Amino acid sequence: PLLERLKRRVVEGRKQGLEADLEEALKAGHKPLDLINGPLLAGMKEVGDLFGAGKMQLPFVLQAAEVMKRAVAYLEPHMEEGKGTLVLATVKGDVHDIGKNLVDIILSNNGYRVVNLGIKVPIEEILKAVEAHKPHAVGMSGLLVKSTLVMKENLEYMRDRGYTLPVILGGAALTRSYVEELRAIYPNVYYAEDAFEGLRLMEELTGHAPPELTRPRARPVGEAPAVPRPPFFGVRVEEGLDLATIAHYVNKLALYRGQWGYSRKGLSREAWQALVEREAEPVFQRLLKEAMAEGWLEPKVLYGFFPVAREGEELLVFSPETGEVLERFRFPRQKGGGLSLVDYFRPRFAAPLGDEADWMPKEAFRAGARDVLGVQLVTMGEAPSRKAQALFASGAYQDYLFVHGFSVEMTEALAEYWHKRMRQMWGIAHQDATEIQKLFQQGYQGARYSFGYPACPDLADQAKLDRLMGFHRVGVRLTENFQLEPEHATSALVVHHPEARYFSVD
């Protein structure tokens, strides 16, 4: 009756009057340990089952996790180990902790001890924690292909040093079949698609569940009608940036679905329209207002234009002062010799289309530059990472998810806004829509390409952009895996060519 109420309080996620009910339980015969192991955990189990069915959204799971967190905190003085220990780390060179920290929340509030070592953790630091704590498994996380090769190298090191403990790998670029191939290196390695697979693996490994998981041709790219003149050549900084203006360019469906994990599949269209207006849209307004007042988004842009030319399959970047070739980008071509990014750039020493010899930088034009490439790096600073880490540490799990996702999509909004500003500076903006819904058709002249996209997939090519721009100027650095630190930061090549578009290689 009371125990059913405490079990309901987890599932529905009802904070207010929890401490009154727990106080009544202990004086009516029940022990603090039996409340945690009995009704509070039983609710947390059914939260995970409802997520497996597709009946419960991810923000309500973290609201359920918060009730368990508060329930244990109030029961800590009165009590007078857990199911098992997990060492958990994002791999060397990798800055992304959202996937990992969701694994920390679900496993901790399902009873397991979780040692979270943080981001950019070398294998030596990981295995020092293995010997200190003596866990039932290690958990390794990483976003992109370079991080997956660090995971491989960590397994090579682990097999060589003589470890045989279970290793759980999670990652976007990582697939199930690739982890099966890594069992050539390290036999006791397992793939986890999400946190709840990580929970199943740990239950199977520790001995609380039976072993099942642990068992045509493209149209020709012509000449552009002109090469447009930029306002300047070089790279410049913009800092005075209005967050209310930036907020207008957010992909709200990418925020609400992609980052926060509200869903239309397990609900009706009436309940979707309700869920956005009731829950999601008020959080957006709250975070925007709070971010303006407190100042935990710090919008900055490093932007510029360089004289360029195609030579062969390479794009050459020339110095606007000296005309010396600073960098060479080689982009991949589609199979059967289709489209490449270099097809949008004019050949070196080619006959000018109009009056580009009047305004192209003198030495770069004499060295053969016949085109211009826009470059932008945008960031919201280290401040949103600092704010999210404070919310995580204090145990506000729902607000951690909300602030992380908001910070991701506000950085993308700043990239969208600045791309529009680059087009206006360019003189290619006059075919844009004034309103933002039409920009999600890609309704403008040219395109924006981030490194890691299909048409320019090598994240190493960010290093060339850093040498050209100087990422330090807006507080941004590259890791050993060429990811941007802090994570709320994204760079792009900006292409004027009217035929330019997104395309894949396969």
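In this text, residue numbers run from 1 along the sequence as written.
- Unmodelled stretch separating residue 215 from residue 216: 10 or more residues (count of deposited-sequence residues without coordinates).
- The entry models residue 80 and residue 81 with a gap of 1 to 3 deposited residues left without coordinates.
- Higher average CA B factor: 54-62, of the stretches 54-62 and 455-463.
- According to the PDB record, 189-197 carries the higher mean C-alpha B-factor of the two stretches 316-324 and 189-197.
- Comparing C-alpha B-factors across 446, 475, 470, 48 in the deposited entry, the largest value falls on 48.
- Residues shown: 108, 376, 434, 398. Highest C-alpha temperature factor in the entry: 434.
- In the deposited entry, the Cα temperature factor of residue 210 places it in the highest third of its chain's modelled residues.
- Placement of the Cα temperature factor of residue 267 within the chain: highest third of the modelled residues, per the deposited record.
- Residue 495 sits in the lowest third of its chain by CA B factor, as recorded in the PDB entry.
- Remark: residue 159 belongs to the middle third of its chain, ranked by C-alpha B-factor as recorded.
- Among the modelled residues of the chain, residue 295 sits in the highest third by CA temperature factor in this PDB entry.
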